[PDB]
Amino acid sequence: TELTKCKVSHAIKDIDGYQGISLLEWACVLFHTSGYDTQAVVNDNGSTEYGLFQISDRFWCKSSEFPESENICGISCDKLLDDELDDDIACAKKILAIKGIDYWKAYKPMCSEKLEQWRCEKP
């Protein structure tokens, strides 16, 4: 599903401030990462990235194609292709703690300035 910025922002409240990243920054990252499509799938360099967060099966989730990755998040990659974001967010938190925000290549070039536009004023 292609979510709206506000739908995403509301869904990820509990990640706000984690490792120093704000919701404004996350709304920006997620838009340029997946276009807010919970079903996004991009396969490259021998790996596939899943969902809103584009979590890779190279290390983070388990897939059929690459069944023995570290599956650091302890979740099947297909749980990253639905509209229930709790587990996606939990996995992203693990990435943030382990790798950090630069796992998301959109952050530095597209979200280092003009953050105010990413706020969702909708309660």
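If you superpose the two forms and keep the largest set of C-alpha atoms that fall within 1.5 Å, you have the rigid core. Note that residue numbering begins at 1 and tracks the sequence as displayed.
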Positional deviation of Cα atoms in 8 other deposited structures of this protein after core superposition, greater for 36-44 or 73-81: 36-44
Tell me which stretch has the larger mean Cα B-factor in this entry, 67-75 or 48-56. 67-75
Please compare 108-116 with 11-19 and say which has the higher mean C-alpha temperature factor in the record. 11-19
Hey, out of 91, 42, 98, 28, whose CA B-factor is highest in the deposited coordinates? 42
